[PDB]
Amino acid sequence: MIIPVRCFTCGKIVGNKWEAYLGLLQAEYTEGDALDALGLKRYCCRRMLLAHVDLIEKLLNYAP
Amino acid sequence: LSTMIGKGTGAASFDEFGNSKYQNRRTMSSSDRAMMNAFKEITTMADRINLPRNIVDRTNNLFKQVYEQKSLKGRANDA
Amino acid sequence: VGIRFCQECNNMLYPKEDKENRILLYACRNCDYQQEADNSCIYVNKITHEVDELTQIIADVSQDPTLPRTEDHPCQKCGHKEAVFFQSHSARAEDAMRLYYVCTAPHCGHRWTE
Amino acid sequence: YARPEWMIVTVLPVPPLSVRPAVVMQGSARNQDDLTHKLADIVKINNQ
Amino acid sequence: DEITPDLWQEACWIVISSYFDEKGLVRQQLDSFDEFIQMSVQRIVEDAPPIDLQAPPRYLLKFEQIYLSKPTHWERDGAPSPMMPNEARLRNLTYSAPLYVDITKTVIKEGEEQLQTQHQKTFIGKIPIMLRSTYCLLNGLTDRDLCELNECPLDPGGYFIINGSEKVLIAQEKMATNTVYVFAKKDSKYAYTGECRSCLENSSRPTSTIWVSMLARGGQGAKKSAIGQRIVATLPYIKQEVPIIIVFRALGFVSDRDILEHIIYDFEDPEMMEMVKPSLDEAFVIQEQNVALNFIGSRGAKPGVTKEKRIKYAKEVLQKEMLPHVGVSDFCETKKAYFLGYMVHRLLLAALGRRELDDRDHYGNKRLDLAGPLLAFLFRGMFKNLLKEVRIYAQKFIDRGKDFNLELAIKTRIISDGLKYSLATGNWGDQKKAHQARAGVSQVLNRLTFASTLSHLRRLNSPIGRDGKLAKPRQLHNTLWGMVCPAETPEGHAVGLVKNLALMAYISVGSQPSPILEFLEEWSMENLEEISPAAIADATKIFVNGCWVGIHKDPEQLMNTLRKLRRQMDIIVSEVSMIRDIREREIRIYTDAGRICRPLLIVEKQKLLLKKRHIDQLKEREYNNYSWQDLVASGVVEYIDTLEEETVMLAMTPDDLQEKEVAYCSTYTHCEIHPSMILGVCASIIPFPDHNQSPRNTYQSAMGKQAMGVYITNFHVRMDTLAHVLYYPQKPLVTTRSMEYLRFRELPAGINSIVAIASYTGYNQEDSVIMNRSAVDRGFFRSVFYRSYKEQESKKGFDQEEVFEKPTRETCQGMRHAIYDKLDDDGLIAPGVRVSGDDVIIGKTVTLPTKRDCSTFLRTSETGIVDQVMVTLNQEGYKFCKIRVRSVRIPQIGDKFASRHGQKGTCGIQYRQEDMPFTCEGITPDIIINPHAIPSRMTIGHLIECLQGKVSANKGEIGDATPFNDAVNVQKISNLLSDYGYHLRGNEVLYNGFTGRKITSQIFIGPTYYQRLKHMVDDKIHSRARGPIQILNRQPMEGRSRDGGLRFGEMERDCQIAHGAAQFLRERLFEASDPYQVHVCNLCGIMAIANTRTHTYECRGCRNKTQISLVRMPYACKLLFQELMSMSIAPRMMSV
Amino acid sequence: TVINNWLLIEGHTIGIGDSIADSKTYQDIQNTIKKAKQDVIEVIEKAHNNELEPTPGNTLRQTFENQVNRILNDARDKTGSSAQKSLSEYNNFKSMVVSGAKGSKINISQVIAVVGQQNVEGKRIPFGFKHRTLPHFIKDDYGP
Ligand SMILES: [Zn+2]
Ligand SMILES: [Zn+2]
Ligand SMILES: [Zn+2]
Ligand SMILES: [Zn+2]
């Protein structure tokens, strides 16, 4: 639903990079380039963002 | 409480000429038969105006007491 | 082998012999009609029944897009190079792997077996 | 131990309740056994 | 211009993208229901004969028009309001729309005066509404609107909400009707049997089947052997087989020549003539139509008192009961004679071996009954009942001489309840007639996973009963290509019987054949009633929906004209099948529903009619109005059914098969849009499924249905009995093109995991898995389990009622050792309260005739937190409460985990990050699987996905694993991986976490998409130690939820016998199950009456009370003996 | 216990690299298959030309299938053997087969060389369609 706080493999913090990752892609960055710009070198972390699905945005559509 | 005979399957189940020898019999009591019909009528009226089942349940209870009390025995069951 | 019906009530005609003339006759049961027999053969039973499959083949099969087409077997009648070949796939043969060729040229439904 | 006439049902045995117990489900409304249901038909017809 | 091979891969998936953008995935469900409501319901009402009353005044009733409103709910005060689908789910309502009909009442009073009155929009019941259908409230609502209604836009609909239960009608597979099929029974007395299941147009009174069979030659006799084999017909309502020739005589054809003219179209063929000779001899006695009719009437359903009745009955059966689809009028004898002769002619060809026997497994001979045809069948009976009671009610009032109120004559329960009951229970037909009712038609929609939800809506049910066993129906027939998923099928008794549609596969909704028949008459087609029998030999028979309409002398031109019309959508709709049997000189046209078809690209002169312009137009699918339907209109893509596929020469791909090459096939008629479309919803999520053993692909198909994730976006609003939600679902790093159309990205059901295939500590052996404890601590595969408890307080009885309250141990009679403190004053627990086993969430008390306790106890194993406590009024108007308990499921040892390649495995052990092996970069695998799982299973696609996933994560691009893609190769993937500083084969040097030493062998490690399966150990762990016992047998209860005992079955009993463990066998079967004691008379082995309180033991029957023996035997043995006694048996236990 | 703890040092895996074969091996497998294709074609021509003499005790159809199956079965065996030879001592597929822990030589051949003939009820794929297995094949297509 939401980007995980830590990378499941090594525990690197990735919950502060989703908005930045989205912004980079909005800036025409390729997914690989955006991940590199965010410092995610280990492919375990690149997996965290490259495969993340932000369903929480859909959940916010429904009224509380 | 009673059991209804099922439909025949083999030739032995049918009489010498077509009709099944084993036929269901009306063993329901007259009081129960009338009461059963009244509940069927109650449900029919409720559906016409889309009344919830709980009201129907209350109505069925009311009729049973009225039917058993027998003060309105002279009046039609539908009324 | 042939089948005949009486001209009177159009019912099946069955063979019958007349002792007086000793000549085969075909007589109708429900009609009493009689006819002279010319075939002289009541019936023939073909155990092998090696019926020429070419007769059974229909020339229209050349219009089938799923049948293979070969240009190496020109039509013997019209000489058309393209031809369509296939197997009998008829039961009671007990064996069928030979190819039956039909000319693909329209209006020339020539059929042959190599 | 076995007489041929005994094979003819003269008196029908009625199983104990434990053989045909009623099960409680969805409130205090006993649901009688199939054997109990059948016994009613037998009791009604023979009485009739 | 033309699509080059370099652009074909993009072009075809654009075509596929448009198809799903328009059709969706539950189109067959919605389209079928739409046809039923729009057409079938009106047709059934119109087709109903006017009701005529005469008992004098004469009353006529006619139902003119059918009106349907929005799904409406009525509050207890009577105020109507639109019923939102979410409301029905929460309040356990039925999603149904009020049904109204215009009725015209005309009365003739014998005074030459007619009074006509119309009762406009007369309510006649409620029809359940398929969600998102044309008549559904959600219909035509934008995604934003659906969100405002607490409805998931991704929800495909296609299901019914009955009493709040989402119900899906499973497509029922049946043999095609009105079609002549010849089968040979090896054991039966008939060498061959030609059957035809004839049904009326619009599916009137159910199908009538007629069998034409040829007697086997097994019978030995001088007369029987000489004549040969005779043909007999099994007409409906006839006890015994009737000789075929007699039937023709009854039709009005007496002369042998006339009869043979309808059976044999070429008298020049002697072999066929000899076949019918024995049949002629059999019916030689009967030489008159009336005599033939009397003979048939003799075997009628009821005995005929007189000959006139027998003849009349026989004509009645032939007129309508025999070949009804051919005709039901009195002038149809000639039409039926031709069709009956065709059946005989077909039988002769099979007997002669000239025509191959029909295959039951061929789906060209099969039809799928969808909700539309399904619901229409029910509605016909209910409406007939509605008119039956209307006639009955009106008869009573007209008999008394008083006029009748039309509204009071209509019983709305007939349709409202009848439709609801069939969907509610799944028993198909009538509740009274449940014996013959088809079961399993309606099932509760599966919400475990979105793919599972999608699969359930595309499921197919085979006619063969599950209990029966037969390989042939369970086999993967060739005709399943492109129509049904070859991999998706359940394991067990249902293998090969329950099926799922292929990705583009579509089921024809059916249409009227009138336009086709009219065109055929306009075209140079000779009517069957006008031609002579001699002309049939050369001409080709024309069949429309199984009815022989006529003959044509130019089949090739007619087929081309018909094909042109369908491609242009002029007179022939897309879903019409036109099949020309060139060898058999037959053209079959099909227009009914239930025909499975898929879209195929049209090929002309080895060239695709699809050009670059169509692709470009599709590329701008939006703001252009160019859609998939334009491709069909353009005539470049058409739908092909199974039957027409036999006559289609198809190309797998245009890039290779169309191109000039070694001459194999220069005449191609169609081409696949993409070969990967043969897979279903579940099989479509397998990456590289063409590299795995086929059984593995099937296994994953089942496993994918059980994978946790987000089954729906609005799950929070829903209150489902069971629901599993994964915290952090991930879209696969390696995906397939089809996955875009499954919405798998929007609702993923797994996490991409760093998987190392190594033998680390032996804790992953035998399909076991080692998980990373640290990763799990970070939310890895962590999930929610949501369980909803619904309780209803209902007052029914003179003084008996149920209420929600806290039951005091003194006030209420019933009580349990559970805890009742959590309950609030209103008898309902509050949200946010931790609840464990043996806890009361709902305090329900029923007044005692002081009050018994019916409180709801939380599941013993369950330990969660009350999530939601919803209170409302149910469909019955009683107070209704739903309580959702939320429990967090952290992956434990024993929890099932599977890849997308059938490699399922429980967690054997969880190691911390330091304990796990690590690469030089410090990466530890999230999961470790045994290498031994791969070789035997040959799940090579699993290895490729791991290799591709490694490239995808490093490259930053989602990998493509479409099965049949030459552009992707292992060498290609390996080369890409080398570019990122990794071994080209995915191997890495791993260090022992316990010692830090390099492992001698380099480990295959990489990202792989795994999924947590619903099966969790905590939900399966069960222990029994002197629990409760069942009343009937006094043995341990059954079921984990009931704290029941494990069954010690015969096999276990047999096993201990081989072991020789007599006492343990005694313990299990006697001591641990039902130790019981009885008193038995010594004289007679019958049980004696024992009064332990009085210490008096007597045997009524022996008049003795001094010699009674106590016997220790199982209670079941007592029950058996008692039960045997009920059958007059005397099991006498003798101790001597 | 003893060897499990030793395996923590030596280790054991299975991956793509163990599924690969030398390009020379691939050529040998491809050549063997190509030869098999011609051999079946030659037999088909003999049957088509009525040049096939039925084996005693078997029908012409049975003889044709026996020859075709024998040719393809031999090709599968030859291709499987070729793949096995190419495997090195470090190959993990061979490791689990020689030990007998899991898999068989057939599994290795299928993963590397060819899956082989698919049979239904002991026979090749039947003509579920009219004289053909699938709509993508011409009628009377008896090729492998
Ligand atoms: Zn990381
Ligand atoms: Zn005659
Ligand atoms: Zn020619
Ligand atoms: Zn006694």
# chains A, B, ... in the order shown; residues from 1 in each chain; ligands from 1
$ residues_near_ligand --ligand "ligand 4" --cutoff "8 Å" --atoms "only C-alpha atoms and all ligand atoms" --output "PDB file with N, CA, C and O atoms, in the first residue's frame"
ATOM      1  N   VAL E1080     -26.002 -56.795  29.751  1.00  0.00           N
ATOM      2  CA  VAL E1080     -26.549 -57.764  28.811  1.00  0.00           C
ATOM      3  C   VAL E1080     -27.026 -58.979  29.590  1.00  0.00           C
ATOM      4  O   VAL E1080     -26.310 -59.485  30.464  1.00  0.00           O
ATOM      5  N   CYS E1081     -28.231 -59.442  29.274  1.00  0.00           N
ATOM      6  CA  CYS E1081     -28.743 -60.670  29.862  1.00  0.00           C
ATOM      7  C   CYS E1081     -27.846 -61.847  29.502  1.00  0.00           C
ATOM      8  O   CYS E1081     -27.321 -61.935  28.390  1.00  0.00           O
ATOM      9  N   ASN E1082     -27.647 -62.745  30.466  1.00  0.00           N
ATOM     10  CA  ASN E1082     -26.836 -63.928  30.209  1.00  0.00           C
ATOM     11  C   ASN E1082     -27.604 -64.961  29.396  1.00  0.00           C
ATOM     12  O   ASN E1082     -27.026 -65.636  28.538  1.00  0.00           O
ATOM     13  N   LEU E1083     -28.908 -65.094  29.648  1.00  0.00           N
ATOM     14  CA  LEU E1083     -29.718 -66.041  28.887  1.00  0.00           C
ATOM     15  C   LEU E1083     -29.848 -65.599  27.435  1.00  0.00           C
ATOM     16  O   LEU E1083     -29.649 -66.395  26.511  1.00  0.00           O
ATOM     17  N   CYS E1084     -30.182 -64.331  27.220  1.00  0.00           N
ATOM     18  CA  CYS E1084     -30.315 -63.751  25.894  1.00  0.00           C
ATOM     19  C   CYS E1084     -29.282 -62.647  25.731  1.00  0.00           C
ATOM     20  O   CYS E1084     -29.038 -61.873  26.660  1.00  0.00           O
ATOM     21  N   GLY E1085     -28.677 -62.570  24.551  1.00  0.00           N
ATOM     22  CA  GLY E1085     -27.622 -61.603  24.321  1.00  0.00           C
ATOM     23  C   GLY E1085     -28.109 -60.181  24.126  1.00  0.00           C
ATOM     24  O   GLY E1085     -27.372 -59.338  23.604  1.00  0.00           O
ATOM     25  N   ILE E1086     -29.342 -59.894  24.537  1.00  0.00           N
ATOM     26  CA  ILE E1086     -29.916 -58.561  24.410  1.00  0.00           C
ATOM     27  C   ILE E1086     -29.513 -57.728  25.617  1.00  0.00           C
ATOM     28  O   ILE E1086     -29.335 -58.239  26.728  1.00  0.00           O
ATOM     29  N   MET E1087     -29.371 -56.425  25.394  1.00  0.00           N
ATOM     30  CA  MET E1087     -29.026 -55.511  26.471  1.00  0.00           C
ATOM     31  C   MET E1087     -30.165 -55.443  27.480  1.00  0.00           C
ATOM     32  O   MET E1087     -31.339 -55.397  27.104  1.00  0.00           O
ATOM     33  N   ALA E1088     -29.816 -55.440  28.761  1.00  0.00           N
ATOM     34  CA  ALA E1088     -30.789 -55.411  29.840  1.00  0.00           C
ATOM     35  C   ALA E1088     -30.888 -54.015  30.442  1.00  0.00           C
ATOM     36  O   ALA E1088     -29.968 -53.198  30.341  1.00  0.00           O
ATOM     37  N   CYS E1099     -34.077 -57.909  32.755  1.00  0.00           N
ATOM     38  CA  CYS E1099     -34.216 -58.217  31.334  1.00  0.00           C
ATOM     39  C   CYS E1099     -35.693 -58.437  31.034  1.00  0.00           C
ATOM     40  O   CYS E1099     -36.228 -59.525  31.273  1.00  0.00           O
ATOM     41  N   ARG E1100     -36.353 -57.408  30.513  1.00  0.00           N
ATOM     42  CA  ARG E1100     -37.737 -57.541  30.075  1.00  0.00           C
ATOM     43  C   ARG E1100     -37.782 -58.472  28.870  1.00  0.00           C
ATOM     44  O   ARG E1100     -37.345 -58.105  27.776  1.00  0.00           O
ATOM     45  N   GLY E1101     -38.300 -59.680  29.073  1.00  0.00           N
ATOM     46  CA  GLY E1101     -38.319 -60.685  28.030  1.00  0.00           C
ATOM     47  C   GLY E1101     -37.840 -62.025  28.542  1.00  0.00           C
ATOM     48  O   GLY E1101     -38.291 -63.078  28.080  1.00  0.00           O
ATOM     49  N   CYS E1102     -36.919 -61.994  29.505  1.00  0.00           N
ATOM     50  CA  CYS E1102     -36.430 -63.199  30.157  1.00  0.00           C
ATOM     51  C   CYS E1102     -36.958 -63.361  31.573  1.00  0.00           C
ATOM     52  O   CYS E1102     -36.785 -64.435  32.162  1.00  0.00           O
ATOM     53  N   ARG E1103     -37.595 -62.332  32.132  1.00  0.00           N
ATOM     54  CA  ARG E1103     -38.146 -62.386  33.485  1.00  0.00           C
ATOM     55  C   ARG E1103     -37.074 -62.796  34.493  1.00  0.00           C
ATOM     56  O   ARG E1103     -37.336 -63.534  35.444  1.00  0.00           O
ATOM     57  N   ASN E1104     -35.852 -62.314  34.278  1.00  0.00           N
ATOM     58  CA  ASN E1104     -34.743 -62.557  35.186  1.00  0.00           C
ATOM     59  C   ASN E1104     -34.031 -61.245  35.474  1.00  0.00           C
ATOM     60  O   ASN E1104     -33.943 -60.363  34.615  1.00  0.00           O
TER      61      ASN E1104
END
$ residues_near_ligand --ligand "ligand 1" --cutoff "10 Å" --atoms "only C-alpha atoms and all ligand atoms" --output "PyMOL selection string"
(chain A and resi 6-14+40-48) or (chain E and resi 922-924)
$ interface_residues --of "chain D" --to "chain B" --cutoff "12 Å" --atoms "only C-alpha atoms" --output "list in words"
residues 30, 31, 32, 33, 34, 35, 36, 37, 38, 39, 40, 41, 42, 43, 44, 45 and 48 of chain D
$ write_last_selection --atoms "N, CA and C atoms" --output "mmCIF file, in the first residue's frame"
data_model
loop_
_atom_site.group_PDB
_atom_site.id
_atom_site.type_symbol
_atom_site.label_atom_id
_atom_site.label_comp_id
_atom_site.auth_asym_id
_atom_site.auth_seq_id
_atom_site.Cartn_x
_atom_site.Cartn_y
_atom_site.Cartn_z
ATOM 1 N N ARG D 30 -36.091 -28.048 18.144
ATOM 2 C CA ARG D 30 -35.615 -29.398 17.887
ATOM 3 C C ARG D 30 -35.898 -29.801 16.446
ATOM 4 N N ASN D 31 -34.899 -30.401 15.805
ATOM 5 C CA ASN D 31 -35.039 -30.969 14.470
ATOM 6 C C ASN D 31 -35.029 -32.484 14.612
ATOM 7 N N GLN D 32 -36.172 -33.108 14.344
ATOM 8 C CA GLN D 32 -36.317 -34.535 14.574
ATOM 9 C C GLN D 32 -35.544 -35.334 13.529
ATOM 10 N N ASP D 33 -35.208 -36.566 13.898
ATOM 11 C CA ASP D 33 -34.443 -37.437 13.022
ATOM 12 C C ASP D 33 -35.305 -37.942 11.869
ATOM 13 N N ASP D 34 -34.631 -38.438 10.831
ATOM 14 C CA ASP D 34 -35.345 -39.040 9.712
ATOM 15 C C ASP D 34 -36.169 -40.231 10.178
ATOM 16 N N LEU D 35 -35.589 -41.074 11.032
ATOM 17 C CA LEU D 35 -36.335 -42.198 11.583
ATOM 18 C C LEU D 35 -37.549 -41.709 12.359
ATOM 19 N N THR D 36 -37.370 -40.663 13.166
ATOM 20 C CA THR D 36 -38.504 -40.075 13.866
ATOM 21 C C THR D 36 -39.542 -39.570 12.877
ATOM 22 N N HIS D 37 -39.097 -38.882 11.825
ATOM 23 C CA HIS D 37 -40.033 -38.421 10.808
ATOM 24 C C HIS D 37 -40.760 -39.594 10.171
ATOM 25 N N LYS D 38 -40.032 -40.663 9.855
ATOM 26 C CA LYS D 38 -40.674 -41.827 9.260
ATOM 27 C C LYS D 38 -41.650 -42.476 10.230
ATOM 28 N N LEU D 39 -41.262 -42.592 11.501
ATOM 29 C CA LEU D 39 -42.138 -43.233 12.472
ATOM 30 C C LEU D 39 -43.494 -42.547 12.526
ATOM 31 N N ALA D 40 -43.522 -41.227 12.341
ATOM 32 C CA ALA D 40 -44.792 -40.512 12.331
ATOM 33 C C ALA D 40 -45.695 -41.019 11.216
ATOM 34 N N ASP D 41 -45.141 -41.190 10.015
ATOM 35 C CA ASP D 41 -45.942 -41.700 8.908
ATOM 36 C C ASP D 41 -46.482 -43.084 9.230
ATOM 37 N N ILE D 42 -45.637 -43.944 9.796
ATOM 38 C CA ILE D 42 -46.076 -45.286 10.157
ATOM 39 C C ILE D 42 -47.171 -45.218 11.210
ATOM 40 N N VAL D 43 -46.980 -44.386 12.233
ATOM 41 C CA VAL D 43 -47.969 -44.287 13.298
ATOM 42 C C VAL D 43 -49.279 -43.729 12.758
ATOM 43 N N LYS D 44 -49.202 -42.792 11.812
ATOM 44 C CA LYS D 44 -50.421 -42.201 11.274
ATOM 45 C C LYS D 44 -51.188 -43.197 10.415
ATOM 46 N N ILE D 45 -50.492 -43.906 9.526
ATOM 47 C CA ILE D 45 -51.181 -44.797 8.599
ATOM 48 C C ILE D 45 -51.802 -45.970 9.345
ATOM 49 N N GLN D 48 -54.710 -44.740 11.119
ATOM 50 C CA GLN D 48 -55.763 -44.599 10.120
ATOM 51 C C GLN D 48 -56.263 -45.964 9.669
#
$ interface_residues --of "chain C" --to "chain E" --cutoff "8 Å" --atoms "only C-alpha atoms" --output "ChimeraX atom specification"
/C:1-3,5,9-12,57-58,60-61,63-66,68-69,90-92
$ residues_near_ligand --ligand "ligand 3" --cutoff "9 Å" --atoms "only C-alpha atoms and all ligand atoms" --output "number ranges by chain"
C: 74-83, 102-111
$ select_by_dssp --residues "chain B" --states "alpha helix (DSSP H)" --output "number ranges by chain"
B: 30-48, 53-69
$ residues_around --residues "residue 340 in chain E" --least-positions-apart "2" --cutoff "10 Å" --atoms "only C-alpha atoms" --output "compact mmCIF listing (two decimals) with N, CA, C and O atoms, in the first residue's frame"
# COMPACT_ATOMS: atom_id res chain seq x y z
N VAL E 180 -26.86 -33.18 -35.34
CA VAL E 180 -26.84 -34.63 -35.46
C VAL E 180 -25.44 -35.12 -35.13
O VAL E 180 -24.46 -34.71 -35.76
N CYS E 196 -29.83 -36.46 -31.70
CA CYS E 196 -29.98 -35.04 -31.96
C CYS E 196 -30.82 -34.44 -30.84
O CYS E 196 -31.99 -34.81 -30.68
N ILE E 210 -33.76 -37.27 -29.64
CA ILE E 210 -34.19 -38.40 -30.44
C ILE E 210 -32.95 -39.19 -30.83
O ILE E 210 -31.96 -38.61 -31.29
N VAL E 212 -31.40 -42.31 -33.16
CA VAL E 212 -31.52 -43.23 -34.28
C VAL E 212 -30.32 -44.17 -34.19
O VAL E 212 -29.17 -43.73 -34.30
N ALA E 233 -35.54 -46.18 -34.03
CA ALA E 233 -35.58 -44.81 -33.53
C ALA E 233 -36.17 -44.82 -32.13
O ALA E 233 -37.15 -45.52 -31.86
N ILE E 244 -37.30 -47.41 -37.75
CA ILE E 244 -37.20 -46.11 -38.40
C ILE E 244 -38.23 -45.98 -39.52
O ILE E 244 -38.87 -44.93 -39.68
N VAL E 247 -41.62 -44.75 -38.52
CA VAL E 247 -41.72 -43.32 -38.25
C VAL E 247 -41.97 -42.56 -39.54
O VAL E 247 -42.81 -41.65 -39.59
N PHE E 248 -41.25 -42.91 -40.61
CA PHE E 248 -41.47 -42.25 -41.89
C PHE E 248 -42.88 -42.50 -42.40
O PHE E 248 -43.52 -41.60 -42.96
N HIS E 262 -35.75 -39.62 -49.14
CA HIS E 262 -35.38 -38.74 -48.04
C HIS E 262 -34.14 -39.22 -47.30
O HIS E 262 -33.47 -38.41 -46.65
N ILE E 263 -33.83 -40.51 -47.37
CA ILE E 263 -32.67 -41.08 -46.69
C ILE E 263 -31.48 -41.18 -47.63
O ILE E 263 -30.38 -40.72 -47.30
N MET E 322 -41.29 -34.60 -31.48
CA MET E 322 -40.23 -35.17 -32.30
C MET E 322 -39.65 -34.08 -33.19
O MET E 322 -40.39 -33.40 -33.91
N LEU E 323 -38.34 -33.91 -33.13
CA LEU E 323 -37.63 -32.89 -33.89
C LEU E 323 -38.32 -31.53 -33.79
O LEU E 323 -38.62 -30.90 -34.81
N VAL E 326 -36.85 -28.65 -35.79
CA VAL E 326 -37.20 -28.66 -37.20
C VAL E 326 -38.52 -27.95 -37.43
O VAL E 326 -38.67 -27.15 -38.36
N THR E 334 -42.99 -32.84 -43.85
CA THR E 334 -41.99 -32.96 -44.90
C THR E 334 -40.62 -32.50 -44.40
O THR E 334 -39.60 -33.13 -44.68
N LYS E 335 -40.59 -31.39 -43.66
CA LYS E 335 -39.31 -30.90 -43.14
C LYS E 335 -38.69 -31.91 -42.19
O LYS E 335 -37.48 -32.17 -42.26
N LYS E 336 -39.49 -32.50 -41.30
CA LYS E 336 -38.95 -33.48 -40.36
C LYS E 336 -38.53 -34.76 -41.07
O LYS E 336 -37.55 -35.39 -40.67
N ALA E 337 -39.26 -35.15 -42.12
CA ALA E 337 -38.88 -36.34 -42.87
C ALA E 337 -37.49 -36.19 -43.48
O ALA E 337 -36.68 -37.12 -43.43
N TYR E 338 -37.20 -35.01 -44.04
CA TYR E 338 -35.87 -34.77 -44.60
C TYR E 338 -34.81 -34.82 -43.50
O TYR E 338 -33.78 -35.49 -43.65
N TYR E 342 -31.94 -37.39 -43.01
CA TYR E 342 -30.55 -36.97 -42.87
C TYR E 342 -29.89 -37.68 -41.69
O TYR E 342 -28.74 -38.12 -41.78
N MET E 343 -30.61 -37.79 -40.57
CA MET E 343 -30.08 -38.53 -39.44
C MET E 343 -29.80 -39.97 -39.82
O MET E 343 -28.73 -40.52 -39.50
N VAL E 344 -30.73 -40.60 -40.53
CA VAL E 344 -30.49 -41.95 -41.04
C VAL E 344 -29.33 -41.93 -42.02
O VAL E 344 -28.43 -42.79 -41.96
N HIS E 345 -29.31 -40.96 -42.93
CA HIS E 345 -28.21 -40.86 -43.88
C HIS E 345 -26.89 -40.69 -43.16
O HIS E 345 -25.89 -41.33 -43.51
N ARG E 346 -26.86 -39.84 -42.13
CA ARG E 346 -25.64 -39.69 -41.33
C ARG E 346 -25.27 -41.01 -40.67
O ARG E 346 -24.09 -41.38 -40.64
$ interface_residues --of "chain C" --to "chain F" --cutoff "7 Å" --atoms "only C-alpha atoms" --output "count of residues only"
9
$ interface_residues --of "chain E" --to "chain F" --cutoff "6 Å" --atoms "only C-alpha atoms" --output "number ranges by chain"
E: 478, 646, 649-651, 757-760, 931-932, 935-936, 943, 985, 999-1001, 1003-1004
$ atom_distance --atom1 "CA of residue 625 in chain E" --atom2 "CA of residue 19 in chain E"
13.8 Å
$ residues_around --residues "residue 198 in chain E" --least-positions-apart "5" --cutoff "8 Å" --atoms "only C-alpha atoms" --output "list in words"
residues 177, 178, 179, 207, 208, 209, 210, 323, 324, 325 and 326 of chain E
$ write_last_selection --atoms "N, CA, C and O atoms" --output "compact mmCIF listing (two decimals), in the first residue's frame"
# COMPACT_ATOMS: atom_id res chain seq x y z
N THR E 177 -27.10 -28.31 -29.24
CA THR E 177 -28.44 -28.79 -29.56
C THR E 177 -28.71 -28.68 -31.06
O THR E 177 -28.02 -27.97 -31.79
N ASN E 178 -29.73 -29.41 -31.50
CA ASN E 178 -30.21 -29.40 -32.88
C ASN E 178 -29.18 -29.96 -33.86
O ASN E 178 -29.38 -29.87 -35.07
N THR E 179 -28.09 -30.53 -33.36
CA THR E 179 -27.02 -31.05 -34.21
C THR E 179 -27.02 -32.57 -34.17
O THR E 179 -27.17 -33.17 -33.10
N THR E 207 -35.14 -29.20 -24.00
CA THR E 207 -34.69 -29.94 -25.17
C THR E 207 -35.28 -31.34 -25.20
O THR E 207 -35.39 -32.01 -24.17
N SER E 208 -35.64 -31.79 -26.40
CA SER E 208 -36.12 -33.14 -26.64
C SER E 208 -35.08 -33.86 -27.49
O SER E 208 -34.65 -33.35 -28.53
N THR E 209 -34.67 -35.04 -27.04
CA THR E 209 -33.63 -35.81 -27.71
C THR E 209 -34.23 -37.02 -28.42
O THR E 209 -35.11 -37.70 -27.87
N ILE E 210 -33.76 -37.27 -29.64
CA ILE E 210 -34.19 -38.40 -30.44
C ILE E 210 -32.95 -39.19 -30.83
O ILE E 210 -31.96 -38.61 -31.29
N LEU E 323 -38.34 -33.91 -33.13
CA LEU E 323 -37.63 -32.89 -33.89
C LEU E 323 -38.32 -31.53 -33.79
O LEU E 323 -38.62 -30.90 -34.81
N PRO E 324 -38.59 -31.04 -32.58
CA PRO E 324 -39.27 -29.74 -32.45
C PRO E 324 -38.50 -28.60 -33.10
O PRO E 324 -39.12 -27.70 -33.67
N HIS E 325 -37.17 -28.62 -33.04
CA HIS E 325 -36.40 -27.54 -33.65
C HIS E 325 -36.62 -27.49 -35.16
O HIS E 325 -36.59 -26.41 -35.75
N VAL E 326 -36.85 -28.65 -35.79
CA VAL E 326 -37.20 -28.66 -37.20
C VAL E 326 -38.52 -27.95 -37.43
O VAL E 326 -38.67 -27.15 -38.36
